[PDB]
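Data first, discussion second: the structure below is written as C-alpha coordinates.
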Amino acid sequence: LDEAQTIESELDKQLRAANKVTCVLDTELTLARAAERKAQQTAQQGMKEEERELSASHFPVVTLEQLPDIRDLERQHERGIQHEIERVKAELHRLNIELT
Amino acid sequence: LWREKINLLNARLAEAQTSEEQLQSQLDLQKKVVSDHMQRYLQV
Amino acid sequence: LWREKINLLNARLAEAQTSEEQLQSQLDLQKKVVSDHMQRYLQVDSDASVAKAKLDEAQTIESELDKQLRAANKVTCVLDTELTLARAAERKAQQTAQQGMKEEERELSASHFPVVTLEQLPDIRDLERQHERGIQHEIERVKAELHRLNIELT
(Lines give C-alpha, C1' and ligand atoms only; values in the text may rest on other atoms or scores of the structure.)
Protein backbone atom coordinates (compact mmCIF):
# COMPACT_ATOMS: atom_id res chain seq x y z
CA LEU A 1 0.00 0.00 0.00
CA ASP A 2 2.86 2.39 0.80
CA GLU A 3 4.52 1.50 -2.52
CA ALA A 4 1.26 2.14 -4.37
CA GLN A 5 0.97 5.52 -2.64
CA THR A 6 4.54 6.34 -3.68
CA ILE A 7 3.71 5.43 -7.28
CA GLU A 8 0.59 7.60 -7.06
CA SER A 9 2.75 10.50 -5.87
CA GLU A 10 5.13 9.84 -8.77
CA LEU A 11 2.22 10.01 -11.22
CA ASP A 12 1.08 13.23 -9.56
CA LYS A 13 4.61 14.59 -10.06
CA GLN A 14 4.40 13.67 -13.74
CA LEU A 15 1.01 15.40 -13.92
CA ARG A 16 2.55 18.50 -12.34
CA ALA A 17 5.39 18.41 -14.87
CA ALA A 18 2.79 18.29 -17.64
CA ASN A 19 0.99 21.18 -15.93
CA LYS A 20 4.23 23.17 -15.92
CA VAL A 21 4.74 22.46 -19.62
CA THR A 22 1.15 23.55 -20.30
CA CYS A 23 1.58 26.75 -18.28
CA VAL A 24 4.85 27.59 -20.05
CA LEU A 25 3.20 27.10 -23.44
CA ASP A 26 0.23 29.21 -22.31
CA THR A 27 2.57 32.00 -21.21
CA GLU A 28 4.30 31.81 -24.59
CA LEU A 29 0.84 32.15 -26.14
CA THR A 30 0.18 35.13 -23.86
CA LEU A 31 3.39 36.81 -25.05
CA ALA A 32 2.37 36.18 -28.66
CA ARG A 33 -1.07 37.67 -27.94
CA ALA A 34 0.50 40.74 -26.34
CA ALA A 35 2.75 41.26 -29.36
CA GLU A 36 -0.19 40.77 -31.73
CA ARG A 37 -2.30 43.34 -29.89
CA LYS A 38 0.69 45.70 -29.78
CA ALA A 39 0.91 45.43 -33.57
CA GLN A 40 -2.90 45.52 -33.89
CA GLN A 41 -3.86 49.18 -33.54
CA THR A 42 -0.96 50.37 -35.70
CA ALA A 43 -2.15 47.93 -38.37
CA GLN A 44 -5.68 49.39 -38.16
CA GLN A 45 -4.70 52.95 -39.14
CA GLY A 46 -5.81 52.26 -42.73
CA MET A 47 -3.69 52.97 -45.80
CA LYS A 48 -3.97 53.94 -49.44
CA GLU A 49 -3.63 51.34 -52.17
CA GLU A 50 -0.65 53.21 -53.62
CA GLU A 51 1.11 53.28 -50.24
CA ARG A 52 0.34 49.59 -49.74
CA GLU A 53 1.82 48.73 -53.14
CA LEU A 54 4.89 50.89 -52.50
CA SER A 55 5.54 49.28 -49.12
CA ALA A 56 5.10 45.83 -50.66
CA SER A 57 7.55 46.65 -53.45
CA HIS A 58 10.09 48.42 -51.20
CA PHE A 59 10.11 46.56 -47.86
CA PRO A 60 10.49 42.81 -47.22
CA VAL A 61 8.86 40.77 -44.46
CA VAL A 62 10.21 38.24 -41.96
CA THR A 63 8.93 34.67 -41.83
CA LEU A 64 6.64 33.10 -39.23
CA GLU A 65 9.21 31.49 -36.95
CA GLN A 66 11.74 34.30 -37.50
CA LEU A 67 9.02 36.74 -36.43
CA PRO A 68 11.03 37.98 -33.39
CA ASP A 69 13.62 39.39 -35.81
CA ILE A 70 11.02 41.70 -37.41
CA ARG A 71 12.04 44.47 -35.01
CA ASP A 72 15.57 44.24 -36.42
CA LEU A 73 14.14 44.97 -39.87
CA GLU A 74 12.25 47.94 -38.45
CA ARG A 75 15.42 49.35 -36.90
CA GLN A 76 17.69 48.84 -39.91
CA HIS A 77 15.19 49.96 -42.55
CA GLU A 78 14.18 53.05 -40.57
CA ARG A 79 17.87 53.88 -40.10
CA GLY A 80 18.56 53.46 -43.81
CA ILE A 81 15.60 55.66 -44.72
CA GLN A 82 16.79 58.19 -42.15
CA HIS A 83 20.18 58.18 -43.86
CA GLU A 84 18.91 58.50 -47.42
CA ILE A 85 16.31 61.17 -46.60
CA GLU A 86 19.11 63.11 -44.92
CA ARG A 87 21.28 62.64 -48.01
CA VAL A 88 18.60 64.01 -50.32
CA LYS A 89 17.98 66.89 -47.92
CA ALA A 90 21.70 67.70 -47.84
CA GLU A 91 21.74 67.69 -51.63
CA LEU A 92 18.72 69.97 -51.58
CA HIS A 93 20.52 72.34 -49.21
CA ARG A 94 23.66 72.44 -51.35
CA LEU A 95 21.55 73.06 -54.44
CA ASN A 96 19.61 75.78 -52.63
CA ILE A 97 22.92 77.43 -51.79
CA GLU A 98 23.94 77.20 -55.44
CA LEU A 99 20.60 78.64 -56.55
CA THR A 100 20.93 81.51 -54.07
CA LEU B 1 2.75 36.89 -38.15
CA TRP B 2 1.83 37.12 -34.45
CA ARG B 3 -1.65 35.74 -35.10
CA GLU B 4 0.04 32.88 -36.97
CA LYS B 5 2.44 32.43 -34.05
CA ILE B 6 -0.54 32.31 -31.68
CA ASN B 7 -2.08 29.57 -33.82
CA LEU B 8 1.17 27.59 -33.75
CA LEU B 9 1.55 28.02 -29.99
CA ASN B 10 -2.01 26.80 -29.40
CA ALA B 11 -1.37 23.79 -31.63
CA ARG B 12 1.70 23.00 -29.53
CA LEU B 13 -0.25 23.53 -26.29
CA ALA B 14 -2.77 20.93 -27.44
CA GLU B 15 -0.19 18.17 -27.00
CA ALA B 16 0.65 19.37 -23.49
CA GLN B 17 -3.03 19.38 -22.53
CA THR B 18 -3.51 15.87 -23.93
CA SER B 19 -0.46 14.69 -21.96
CA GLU B 20 -1.96 16.26 -18.83
CA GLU B 21 -5.22 14.38 -19.40
CA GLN B 22 -3.46 11.05 -19.98
CA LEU B 23 -1.34 11.53 -16.85
CA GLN B 24 -4.56 12.26 -14.97
CA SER B 25 -5.90 8.94 -16.25
CA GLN B 26 -2.77 7.12 -15.08
CA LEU B 27 -3.02 8.84 -11.70
CA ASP B 28 -6.62 7.62 -11.43
CA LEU B 29 -5.46 4.09 -12.24
CA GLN B 30 -2.79 4.31 -9.55
CA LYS B 31 -5.40 5.64 -7.11
CA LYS B 32 -7.51 2.59 -7.95
CA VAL B 33 -4.54 0.29 -7.25
CA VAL B 34 -3.95 2.18 -3.99
CA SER B 35 -7.65 1.61 -3.26
CA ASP B 36 -7.22 -2.11 -3.90
CA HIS B 37 -4.46 -2.31 -1.30
CA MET B 38 -6.70 0.06 0.73
CA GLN B 39 -9.36 -2.67 0.88
CA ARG B 40 -6.96 -5.62 1.07
CA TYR B 41 -6.26 -4.87 4.74
CA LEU B 42 -10.00 -5.22 5.46
CA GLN B 43 -10.02 -8.66 3.76
CA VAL B 44 -7.30 -10.56 5.66
CA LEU C 1 17.28 46.70 -14.18
CA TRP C 2 17.40 43.10 -15.38
CA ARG C 3 19.61 42.34 -12.39
CA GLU C 4 16.89 43.90 -10.21
CA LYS C 5 14.32 41.76 -12.02
CA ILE C 6 16.37 38.61 -11.35
CA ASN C 7 16.81 39.46 -7.68
CA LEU C 8 13.10 40.20 -7.17
CA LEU C 9 11.91 37.14 -9.10
CA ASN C 10 14.22 34.91 -7.06
CA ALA C 11 12.11 35.78 -3.99
CA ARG C 12 8.73 35.93 -5.74
CA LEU C 13 9.31 32.36 -6.92
CA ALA C 14 10.13 31.45 -3.31
CA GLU C 15 6.79 32.90 -2.20
CA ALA C 16 5.05 30.87 -4.91
CA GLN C 17 6.89 27.77 -3.67
CA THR C 18 5.69 28.54 -0.14
CA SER C 19 2.08 28.67 -1.35
CA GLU C 20 2.61 25.40 -3.23
CA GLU C 21 4.04 23.80 -0.09
CA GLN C 22 1.04 24.94 1.95
CA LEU C 23 -1.39 23.47 -0.57
CA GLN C 24 0.62 20.23 -0.71
CA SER C 25 0.46 20.00 3.08
CA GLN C 26 -3.31 20.55 2.94
CA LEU C 27 -3.67 17.76 0.37
CA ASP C 28 -1.57 15.43 2.52
CA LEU C 29 -3.75 16.27 5.52
CA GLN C 30 -6.83 15.44 3.44
CA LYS C 31 -5.33 12.05 2.58
CA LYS C 32 -4.51 11.64 6.28
CA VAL C 33 -8.20 11.09 7.06
CA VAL C 34 -8.31 8.04 4.78
CA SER C 35 -4.95 6.78 6.03
CA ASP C 36 -6.11 6.98 9.65
CA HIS C 37 -9.51 5.45 8.87
CA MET C 38 -7.57 2.38 7.77
CA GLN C 39 -6.07 1.63 11.16
CA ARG C 40 -9.10 2.87 13.10
CA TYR C 41 -11.25 0.14 11.52
CA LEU C 42 -8.79 -2.61 12.52
CA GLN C 43 -7.71 -1.26 15.93
CA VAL C 44 -11.21 -1.55 17.44
CA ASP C 45 -22.07 4.32 15.00
CA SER C 46 -18.86 2.65 16.18
CA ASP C 47 -15.40 3.77 15.09
CA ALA C 48 -15.33 1.18 12.30
CA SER C 49 -18.69 2.42 11.00
CA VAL C 50 -17.47 6.03 10.96
CA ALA C 51 -14.28 5.02 9.16
CA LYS C 52 -16.24 3.04 6.57
CA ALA C 53 -18.72 5.87 5.98
CA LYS C 54 -16.13 8.67 5.76
CA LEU C 55 -13.39 6.78 3.90
CA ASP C 56 -14.85 7.52 0.46
CA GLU C 57 -16.08 10.99 1.47
CA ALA C 58 -12.55 12.11 2.32
CA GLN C 59 -11.26 10.81 -1.02
CA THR C 60 -14.06 12.51 -2.98
CA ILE C 61 -13.66 15.96 -1.39
CA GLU C 62 -9.93 15.77 -2.17
CA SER C 63 -10.66 17.19 -5.64
CA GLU C 64 -10.96 20.79 -4.42
CA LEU C 65 -7.61 20.88 -2.62
CA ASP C 66 -5.89 19.25 -5.60
CA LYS C 67 -7.42 21.90 -7.88
CA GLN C 68 -6.19 24.64 -5.55
CA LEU C 69 -2.69 23.14 -5.63
CA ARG C 70 -2.81 22.93 -9.43
CA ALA C 71 -3.83 26.59 -9.67
CA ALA C 72 -0.97 27.65 -7.39
CA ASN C 73 1.58 25.85 -9.57
CA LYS C 74 0.79 28.37 -12.31
CA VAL C 75 2.28 31.23 -10.28
CA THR C 76 5.55 29.31 -10.00
CA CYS C 77 5.53 28.63 -13.75
CA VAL C 78 5.03 32.29 -14.70
CA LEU C 79 7.64 33.45 -12.20
CA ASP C 80 10.13 30.85 -13.47
CA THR C 81 9.55 31.93 -17.07
CA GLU C 82 10.10 35.56 -16.06
CA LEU C 83 13.28 34.61 -14.20
CA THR C 84 14.61 32.74 -17.24
CA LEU C 85 13.83 35.74 -19.45
CA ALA C 86 15.61 38.06 -17.01
CA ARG C 87 18.64 35.76 -16.95
CA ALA C 88 18.73 35.77 -20.75
CA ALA C 89 18.37 39.55 -21.11
CA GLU C 90 20.64 40.71 -18.27
CA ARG C 91 23.86 39.22 -19.64
CA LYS C 92 23.36 40.75 -23.09
CA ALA C 93 22.47 44.12 -21.56
CA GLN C 94 25.62 44.00 -19.43
CA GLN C 95 27.91 43.02 -22.31
CA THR C 96 26.48 45.82 -24.44
CA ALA C 97 26.96 48.11 -21.43
CA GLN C 98 30.64 47.15 -21.27
CA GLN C 99 31.23 49.57 -24.16
CA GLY C 100 31.46 52.09 -21.34
CA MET C 101 31.57 55.86 -20.90
CA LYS C 102 33.71 58.31 -18.97
CA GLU C 103 32.37 59.73 -15.72
CA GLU C 104 32.23 63.21 -17.25
CA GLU C 105 30.22 61.75 -20.12
CA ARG C 106 27.95 60.14 -17.54
CA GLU C 107 27.33 63.52 -15.89
CA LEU C 108 26.82 65.24 -19.25
CA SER C 109 24.18 62.65 -20.12
CA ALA C 110 22.76 62.84 -16.59
CA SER C 111 21.54 66.35 -17.46
CA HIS C 112 18.34 64.92 -18.96
CA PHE C 113 18.90 61.22 -19.56
CA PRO C 114 16.30 59.17 -17.66
CA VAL C 115 16.34 56.38 -15.11
CA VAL C 116 14.16 53.53 -16.34
CA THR C 117 12.04 51.61 -13.84
CA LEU C 118 11.54 47.88 -13.36
CA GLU C 119 7.98 48.12 -14.68
CA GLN C 120 9.38 50.06 -17.65
CA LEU C 121 12.01 47.33 -18.13
CA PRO C 122 9.96 45.19 -20.58
CA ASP C 123 9.59 48.18 -22.94
CA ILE C 124 13.01 49.67 -22.12
CA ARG C 125 14.22 49.28 -25.72
CA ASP C 126 11.15 51.13 -27.04
CA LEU C 127 11.43 54.02 -24.60
CA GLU C 128 15.12 54.13 -25.55
CA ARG C 129 14.23 54.63 -29.20
CA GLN C 130 11.55 57.14 -28.20
CA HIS C 131 14.00 59.34 -26.30
CA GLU C 132 16.65 58.92 -29.01
CA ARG C 133 14.11 59.88 -31.68
CA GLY C 134 13.10 62.98 -29.74
CA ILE C 135 16.75 64.00 -29.49
CA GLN C 136 17.12 63.32 -33.22
CA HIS C 137 14.05 65.44 -34.01
CA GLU C 138 15.47 68.36 -32.04
CA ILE C 139 18.78 67.86 -33.84
CA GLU C 140 17.02 68.02 -37.20
CA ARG C 141 15.05 71.13 -36.25
CA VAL C 142 18.10 73.07 -35.12
CA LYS C 143 19.92 71.77 -38.20
CA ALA C 144 17.24 73.23 -40.47
CA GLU C 145 17.58 76.52 -38.62
CA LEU C 146 21.34 76.31 -39.14
CA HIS C 147 20.81 75.86 -42.87
CA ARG C 148 18.43 78.82 -43.05
CA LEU C 149 21.02 80.96 -41.29
CA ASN C 150 23.63 79.64 -43.74
CA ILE C 151 21.36 80.79 -46.57
CA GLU C 152 21.31 84.22 -44.95
CA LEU C 153 25.10 84.10 -44.55
CA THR C 154 25.64 83.28 -48.22
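Residues in the C-alpha coordinates are numbered from 1 in each chain, the chains being A, B, ... in the order shown, and ligands are numbered from 1 in the order shown.
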Taking a cut-off of 8 Å and counting only C-alpha atoms, can you build a table that, for each residue of chain A near chain B, reports the nearest atom pair and how far apart they are in Å (one decimal), sorted by chain then residue number, as CSV?
```
residue,atom,partner,partner_atom,distance
A:1,CA,B:37,CA,5.2
A:4,CA,B:34,CA,5.2
A:5,CA,B:34,CA,6.1
A:7,CA,B:30,CA,7.0
A:8,CA,B:30,CA,5.3
A:11,CA,B:27,CA,5.4
A:12,CA,B:27,CA,6.4
A:14,CA,B:23,CA,6.9
A:15,CA,B:23,CA,5.4
A:18,CA,B:20,CA,5.3
A:19,CA,B:20,CA,6.4
A:21,CA,B:16,CA,6.4
A:22,CA,B:16,CA,5.3
A:25,CA,B:13,CA,5.7
A:26,CA,B:13,CA,6.9
A:28,CA,B:9,CA,7.1
A:29,CA,B:9,CA,5.7
A:32,CA,B:6,CA,5.7
A:33,CA,B:6,CA,6.6
A:35,CA,B:2,CA,6.6
A:36,CA,B:2,CA,5.0
A:63,CA,B:1,CA,7.5
A:64,CA,B:1,CA,5.5
A:65,CA,B:5,CA,7.4
A:67,CA,B:1,CA,6.5
```
Let me see the file: selected residues, N, CA, C and O atoms, as an mmCIF file, in the first residue's frame.
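The result, stored in selection26.cif:
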```
data_model
loop_
_atom_site.group_PDB
_atom_site.id
_atom_site.type_symbol
_atom_site.label_atom_id
_atom_site.label_comp_id
_atom_site.auth_asym_id
_atom_site.auth_seq_id
_atom_site.Cartn_x
_atom_site.Cartn_y
_atom_site.Cartn_z
ATOM 1 N N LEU A 1 0.829 -1.201 0.000
ATOM 2 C CA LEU A 1 0.000 0.000 0.000
ATOM 3 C C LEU A 1 0.865 1.254 0.000
ATOM 4 O O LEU A 1 0.578 2.220 -0.719
ATOM 5 N N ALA A 4 2.280 1.620 -3.469
ATOM 6 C CA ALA A 4 1.263 2.144 -4.371
ATOM 7 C C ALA A 4 1.061 3.637 -4.159
ATOM 8 O O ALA A 4 0.893 4.389 -5.124
ATOM 9 N N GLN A 5 1.068 4.087 -2.901
ATOM 10 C CA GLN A 5 0.968 5.519 -2.637
ATOM 11 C C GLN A 5 2.162 6.275 -3.204
ATOM 12 O O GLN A 5 2.005 7.381 -3.734
ATOM 13 N N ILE A 7 3.902 5.389 -5.836
ATOM 14 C CA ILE A 7 3.714 5.427 -7.285
ATOM 15 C C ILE A 7 2.656 6.461 -7.652
ATOM 16 O O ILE A 7 2.760 7.144 -8.679
ATOM 17 N N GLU A 8 1.613 6.584 -6.828
ATOM 18 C CA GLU A 8 0.594 7.602 -7.061
ATOM 19 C C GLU A 8 1.195 8.999 -6.964
ATOM 20 O O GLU A 8 0.875 9.886 -7.763
ATOM 21 N N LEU A 11 3.113 9.636 -10.124
ATOM 22 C CA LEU A 11 2.223 10.006 -11.221
ATOM 23 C C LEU A 11 1.709 11.429 -11.051
ATOM 24 O O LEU A 11 1.531 12.154 -12.034
ATOM 25 N N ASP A 12 1.464 11.848 -9.808
ATOM 26 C CA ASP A 12 1.083 13.235 -9.564
ATOM 27 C C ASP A 12 2.219 14.185 -9.927
ATOM 28 O O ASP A 12 1.979 15.284 -10.439
ATOM 29 N N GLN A 14 4.439 13.610 -12.285
ATOM 30 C CA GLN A 14 4.399 13.667 -13.745
ATOM 31 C C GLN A 14 3.278 14.582 -14.224
ATOM 32 O O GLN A 14 3.452 15.353 -15.178
ATOM 33 N N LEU A 15 2.115 14.507 -13.574
ATOM 34 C CA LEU A 15 1.012 15.397 -13.916
ATOM 35 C C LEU A 15 1.399 16.852 -13.695
ATOM 36 O O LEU A 15 1.039 17.726 -14.488
ATOM 37 N N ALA A 18 3.618 17.970 -16.485
ATOM 38 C CA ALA A 18 2.789 18.288 -17.643
ATOM 39 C C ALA A 18 2.073 19.621 -17.451
ATOM 40 O O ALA A 18 1.923 20.397 -18.400
ATOM 41 N N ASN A 19 1.620 19.897 -16.227
ATOM 42 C CA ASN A 19 0.988 21.180 -15.934
ATOM 43 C C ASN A 19 1.967 22.329 -16.135
ATOM 44 O O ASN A 19 1.595 23.388 -16.646
ATOM 45 N N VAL A 21 4.561 22.316 -18.179
ATOM 46 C CA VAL A 21 4.736 22.458 -19.622
ATOM 47 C C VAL A 21 3.562 23.227 -20.218
ATOM 48 O O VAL A 21 3.742 24.131 -21.046
ATOM 49 N N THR A 22 2.343 22.880 -19.798
ATOM 50 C CA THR A 22 1.151 23.552 -20.305
ATOM 51 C C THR A 22 1.159 25.031 -19.942
ATOM 52 O O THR A 22 0.817 25.882 -20.770
ATOM 53 N N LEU A 25 3.719 26.887 -22.094
ATOM 54 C CA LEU A 25 3.195 27.099 -23.439
ATOM 55 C C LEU A 25 2.106 28.166 -23.438
ATOM 56 O O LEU A 25 2.018 28.977 -24.369
ATOM 57 N N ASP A 26 1.273 28.191 -22.396
ATOM 58 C CA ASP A 26 0.228 29.206 -22.308
ATOM 59 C C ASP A 26 0.824 30.596 -22.125
ATOM 60 O O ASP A 26 0.301 31.574 -22.664
ATOM 61 N N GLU A 28 3.790 31.489 -23.264
ATOM 62 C CA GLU A 28 4.297 31.813 -24.594
ATOM 63 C C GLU A 28 3.169 32.333 -25.480
ATOM 64 O O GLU A 28 3.333 33.315 -26.217
ATOM 65 N N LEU A 29 2.006 31.683 -25.407
ATOM 66 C CA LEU A 29 0.839 32.152 -26.144
ATOM 67 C C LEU A 29 0.426 33.546 -25.686
ATOM 68 O O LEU A 29 0.011 34.376 -26.499
ATOM 69 N N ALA A 32 2.734 36.006 -27.255
ATOM 70 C CA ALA A 32 2.366 36.177 -28.657
ATOM 71 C C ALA A 32 1.124 37.051 -28.792
ATOM 72 O O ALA A 32 1.052 37.906 -29.682
ATOM 73 N N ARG A 33 0.136 36.847 -27.919
ATOM 74 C CA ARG A 33 -1.071 37.667 -27.940
ATOM 75 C C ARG A 33 -0.750 39.126 -27.647
ATOM 76 O O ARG A 33 -1.297 40.033 -28.284
ATOM 77 N N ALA A 35 2.091 40.695 -28.183
ATOM 78 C CA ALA A 35 2.750 41.262 -29.356
ATOM 79 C C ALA A 35 1.749 41.521 -30.478
ATOM 80 O O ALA A 35 1.814 42.555 -31.155
ATOM 81 N N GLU A 36 0.816 40.591 -30.690
ATOM 82 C CA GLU A 36 -0.187 40.768 -31.734
ATOM 83 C C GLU A 36 -1.036 42.003 -31.468
ATOM 84 O O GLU A 36 -1.291 42.804 -32.374
ATOM 85 N N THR A 63 9.756 35.867 -41.791
ATOM 86 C CA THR A 63 8.935 34.668 -41.829
ATOM 87 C C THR A 63 8.215 34.466 -40.497
ATOM 88 O O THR A 63 8.363 35.240 -39.547
ATOM 89 N N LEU A 64 7.417 33.399 -40.433
ATOM 90 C CA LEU A 64 6.645 33.104 -39.232
ATOM 91 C C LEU A 64 7.556 32.877 -38.033
ATOM 92 O O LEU A 64 7.495 33.609 -37.038
ATOM 93 N N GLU A 65 8.408 31.853 -38.107
ATOM 94 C CA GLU A 65 9.211 31.486 -36.947
ATOM 95 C C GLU A 65 10.287 32.524 -36.654
ATOM 96 O O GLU A 65 10.648 32.724 -35.489
ATOM 97 N N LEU A 67 9.770 35.540 -36.768
ATOM 98 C CA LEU A 67 9.015 36.741 -36.426
ATOM 99 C C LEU A 67 9.703 37.619 -35.389
ATOM 100 O O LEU A 67 9.611 38.851 -35.512
#
```
Test item: chain C residues at most 8 Å from chain A, counting only C-alpha atoms, as a PyMOL selection string: chain C and resi 70+73-74+77-78+81+147+151+154
Interface, chain C side, toward chain B (9 Å; only C-alpha atoms) as an NGL selection string: :C and (35 or 38 or 41-42)
Can those selected residues be exported to a file as a tab-separated table (two decimals), in the first residue's frame so that it contains N, CA and C atoms?
```
chain	number	residue	atom	x	y	z
C	35	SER	N	-6.03	7.61	5.49
C	35	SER	CA	-4.95	6.78	6.03
C	35	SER	C	-5.23	6.37	7.47
C	38	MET	N	-8.08	3.75	7.81
C	38	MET	CA	-7.57	2.38	7.77
C	38	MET	C	-7.42	1.80	9.16
C	41	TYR	N	-10.33	1.25	11.74
C	41	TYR	CA	-11.25	0.14	11.52
C	41	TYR	C	-10.72	-1.16	12.10
C	42	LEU	N	-9.40	-1.36	12.06
C	42	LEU	CA	-8.79	-2.61	12.52
C	42	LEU	C	-8.33	-2.57	13.97
```
Residues near residue 118 in chain C, cut-off 8 Å, only C-alpha atoms, skip fewer than 6 positions along chain, as a list in words: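 Close residues of residue 118 in chain C: residues 1, 2, 4 and 5 of chain C.
CA of residue 82 in chain C is positioned 9.9 Å from CA of residue 10 in chain C.
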Residues of range 116-152 of chain C in alpha helix (DSSP H), written as a VMD selection string: chain C and resid 124 to 152
Residue among C:148, C:125, C:143, C:87 lying closest to residue 72 in chain A, counting only C-alpha atoms: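 Looking only at the distances to residue 72 in chain A, the closest residue turns out to be C:125.
Residues lying within 10 Å of residue 76 in chain C, counting only C-alpha atoms and ignoring same-chain neighbours fewer than 6 positions away, are residues 20 and 23 of chain A; 12, 13, 14, 15, 16, 17, 18, 19, 20 and 82 of chain C.
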